[PDB]
Amino acid sequence: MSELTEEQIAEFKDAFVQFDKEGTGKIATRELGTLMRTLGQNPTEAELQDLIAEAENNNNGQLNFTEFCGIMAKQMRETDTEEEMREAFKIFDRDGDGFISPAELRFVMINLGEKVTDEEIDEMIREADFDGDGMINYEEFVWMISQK
Ligand SMILES: [Ca+2]
Ligand SMILES: [Ca+2]
Numbered sequence: 001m002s003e004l005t006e007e008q009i010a011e012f013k014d015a016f017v018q019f020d021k022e023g024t025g026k027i028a029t030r031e032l033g034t035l036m037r038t039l040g041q042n043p044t045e046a047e048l049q050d051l052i053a054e055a056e057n058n059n060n061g062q063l064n065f066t067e068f069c070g071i072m073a074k075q076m077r078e079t080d081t082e083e084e085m086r087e088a089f090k091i092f093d094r095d096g097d098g099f100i101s102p103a104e105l106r107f108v109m110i111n112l113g114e115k116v117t118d119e120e121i122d123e124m125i126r127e128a129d130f131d132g133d134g135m136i137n138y139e140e141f142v143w144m145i146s147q148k
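Mapping of the sequence shown onto PDB author numbering: residues 1 to 148, in sequence order.
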């Protein structure tokens with residue numbers, strides 16, 4: 001609840017209880033990675049053991065919803081931001097040439113679940129297509145989603 005909305009808050013909140021349900025809102029750090037994953041951020045084996053032994057050095061071994069909520073919050077940046085971004089851009093491209101052509105953009109955004117019309121497609125492309133290419137570049141695409 002550092003600076004979240006409420007929906008996400010209700011999320012790890014619901015995940016937290018469903019893991020405890022014993023009259024003590026404190027889950028074992030050894031099972032912390034599970035929640036952060038169920039949330040959106042996937043922790044690495046290494047970072048897990050460090051924060052785990054960490055709590056065991058004072059918090060006995062289990063963590064409270066406060067410290068956790070504080071953690072999921074700080075985890076909203078360990079994704080290297082652009083790293084996860086480039087990952088998605090690649091998904092639409094399909095090839096990985098650095099630019100998503102109409103066929104690549106529509107085919108992926110439509111196959112996932114968004115039934116977009118060609119007209120809307122030409123709109124997004126043209127707006128970000130600064131290089132004036134028949135394709136969107138990571139820079140152009142990322143820009144578009146950074147507002148729209
Ligand atoms: Ca491509
Ligand atoms: Ca372009």
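Don't be surprised by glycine CBs; every beta carbon is placed ideally from N, CA and C.
CA-to-CA distance, residue j to residue i, given in whole angstroms
{"i": "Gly134", "j": "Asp95", "result": "15 Å"}
{"i": "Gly70", "j": "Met36", "result": "11 Å"}
{"i": "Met109", "j": "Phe19", "result": "35 Å"}
{"i": "residue 160", "j": "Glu56", "result": "This structure does not reach residue 160, given that the chain is present from 1 up to 148, and the question cannot be answered."}
{"i": "residue 150", "j": "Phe99", "result": "The first residue shown for the chain is 1 and the last is 148, placing residue 150 beyond what the model contains."}
{"i": "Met1", "j": "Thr34", "result": "19 Å"}
{"i": "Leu32", "j": "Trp143", "result": "34 Å"}
{"i": "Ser146", "j": "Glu84", "result": "14 Å"}
{"i": "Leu39", "j": "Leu4", "result": "13 Å"}
{"i": "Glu45", "j": "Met124", "result": "39 Å"}
{"i": "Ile136", "j": "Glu7", "result": "33 Å"}
{"i": "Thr117", "j": "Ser101", "result": "15 Å"}
CB of residue i within 8 Å of CB of residue j, strictly
{"i": "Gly23", "j": "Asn64", "result": "no"}
{"i": "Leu105", "j": "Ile121", "result": "yes"}
{"i": "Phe130", "j": "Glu140", "result": "yes"}
{"i": "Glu87", "j": "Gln41", "result": "no"}
{"i": "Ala10", "j": "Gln62", "result": "no"}
{"i": "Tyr138", "j": "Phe89", "result": "yes"}
Local conformation of residue i per DSSP, three classes
{"i": "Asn58", "result": "coil"}
{"i": "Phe130", "result": "coil"}
{"i": "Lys21", "result": "coil"}
{"i": "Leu4", "result": "coil"}
{"i": "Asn42", "result": "coil"}
{"i": "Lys115", "result": "coil"}
{"i": "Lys148", "result": "coil"}
**Any 3 or more C-beta pairs closer than 8 Å across the region 73-88 and the region 5-21** = At 8 Å Cβ cutoff, the stretches do not touch.
**Message:** Give the residues whose C-beta lies closer than 6 Å to at least one heavy atom of ligand 1, in chain order.
**Reply:** That gives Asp93, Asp95, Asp97, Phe99, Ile100, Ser101, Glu104.
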